[PDB]
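# Coordinates in review
Chain residues, written in single-letter form:
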Amino acid sequence: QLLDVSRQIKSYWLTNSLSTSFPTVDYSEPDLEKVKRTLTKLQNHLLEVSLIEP
Amino acid sequence: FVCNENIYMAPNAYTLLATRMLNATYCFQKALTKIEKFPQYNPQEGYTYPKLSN
């Protein structure tokens, strides 16, 4: 019965909320530039772009 | 007494009450010993009874 109590208490100490969201692999933070050049190029694929102008 | 062409001494009350008490308590001892070492307890999992199949 004593161990039965101990498991209860252990369960109570793990039912509490996390202080924070957990860390992960934030490593190799992604570039924005290549994404732009790729999207803009593919969208302009086989297209004769002629600048912008106002 | 003559128990129909038969003779039996009159039993003492305490001897046979205690006799039946003996028989009962013996059945109780056997009742305990057969099931001892069988409730495979685990706090995590209750009173498991290991089996060949479910």
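Counting starts from 1 on each chain and follows the sequence as written, independent of the entry's numbering; residues without coordinates are not shown. In the order they appear in the text, chains get letters beginning with A and ligands get numbers beginning with 1. All values in this description refer to the chains shown, which are themselves only part of a larger assembly. Working from all heavy atoms in the structure, the side-chain values ignore hydrogens and water. Residues with missing side-chain atoms are left out of burial classes, side-chain pairs and their counts.

Method of structure determination, per the deposited record: cryo-EM was used for this entry, reaching 4.4 Å resolution.

## So, the overall build of chain A
Only DSSP runs of H or I covering at least 4 residues are called helices, and only runs of E covering at least 2 are called strands; the numbering of each starts at the N terminus. In terms of helices and strands, chain A carries two helices and zero strands. Put simply, the radius of gyration uses C-alpha atoms, and a globule should come to 2.2 Å times the residue count raised to 0.38. In terms of overall dimensions, chain A is more spread out than a globule: its C-alpha atoms have a radius of gyration of 28 Å, far above the 10 Å expected for 54 residues. Along the three orthogonal principal directions, the C-alpha set of chain A runs to about 80 × 25 × 20 Å.

## Some thoughts on the overall build of chain B
Counting its secondary structure elements, chain B contains one helix and two strands. Put simply, chain B runs from its N terminus to its C terminus through helices and strands in the order α-β-β. Relative to a compact globule of 54 residues, whose C-alpha radius of gyration would be 10 Å, chain B shows 22 Å and is clearly more extended. When its C-alpha atoms are laid out on the principal axes, chain B stretches across 65 × 25 × 10 Å. When accessible area is computed with a 1.4 Å probe and restricted to protein chains, residues below 20% of their type maximum are described as buried, those above 50% as exposed, and intermediate ones as partly exposed. When burial is assessed residue by residue, chain B has 0% of its 54 residues classed as buried. Counting every atom, chain B has about 5,600 Å² of accessible surface; 61% of that belongs to carbon and sulfur. Accessible surface area values rest on a Shrake-Rupley calculation with a 1.4 Å probe, where residue burial reflects the displayed protein chains alone.

## Focus on unusual backbone geometry
In this structure, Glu53 of chain A takes a positive phi of about 65° despite not being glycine. For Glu53 of chain A, the location among the structural elements is in the segment after α2 (33-43). In this model, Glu5 of chain B sits at a positive phi of 50°, which is unusual for a non-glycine residue. Secondary-structure assignment places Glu5 of chain B in the segment before α1 (13-33). Note on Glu5 of chain B: relative accessible area 78%, which makes it exposed.

## Quick word on the pattern of salt bridges
Residues and elements named next belong to chain A. One speaks of a salt bridge when a side-chain nitrogen belonging to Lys or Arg is within 4 Å of a carboxyl oxygen belonging to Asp or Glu. Per the counting criterion, the structure on display carries two salt bridges over all chains. Between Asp31 and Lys34 there is a salt bridge, with the nearest N and O atoms lying 3.2 Å from each other. Between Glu33 and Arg37 there is a salt bridge whose closest N-O contact spans 3.9 Å. With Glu33 and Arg37 both in helix α2, this residue pair falls four residues apart, about one helical turn. A relative accessible area of 41% places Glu33 in the partly exposed class. Since its relative accessible area comes to 48%, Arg37 is described here as partly exposed.

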